[PDB]
């Protein structure tokens, strides 16, 4: 199945947070309606936090893309709703051979405020 693709509520602001656990530099792009809207990059094996950016969901079509060594990483993803209110969309990724799926971890959350 496709992974890293989520349908958000339309026209909502959401946060994107990235953690890295890799020796290879990670490059994360968030697409909204097939257009690039947020970029992150970094490297480190200590759950290193690349920060959070807030962007708008447009029609709702959000895709997470993660590249390392020039290749798009293998993605795994899920969406969780807590208390019928807090939404988290999570992406793990694998850039190599050890199948740890933590090389970049991308977390989307909404609503904010």
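Numbering follows the first chain given and starts at 1.
Peer 1: Of 81, 43, 76, 64, which one's C-alpha B factor is largest in the deposited record?
Peer 2: It is 43.
Peer 1: Should residue 112 be placed in the lowest, middle or highest third of its chain by the C-alpha B factor in the entry?
Peer 2: Middle third, going by the recorded CA B-factors of the chain.
Peer 1: Taking only the Cα B-factors deposited for this chain, tell me whether residue 13 sits in the lowest, middle or highest third.
Peer 2: Tercile = middle for this residue's CA B-factor.
Peer 1: Against its chain's modelled residues, does residue 32's Cα B factor rank lowest, middle or highest third?
Peer 2: Its C-alpha B-factor belongs to the middle third of this chain's values.
Peer 1: If you rank the chain by CA B-factor, which third does residue 105 end up in: lowest, middle or highest?
Peer 2: Lowest third, going by the recorded CA B-factors of the chain.
Peer 1: Using the B-factor values recorded in the entry, state whether the Cα atom of residue 68 falls in the lowest, middle or highest third among the modelled residues of its chain.
Peer 2: Highest third - that is where residue 68 ends up once the chain's C-alpha B-factors are sorted.
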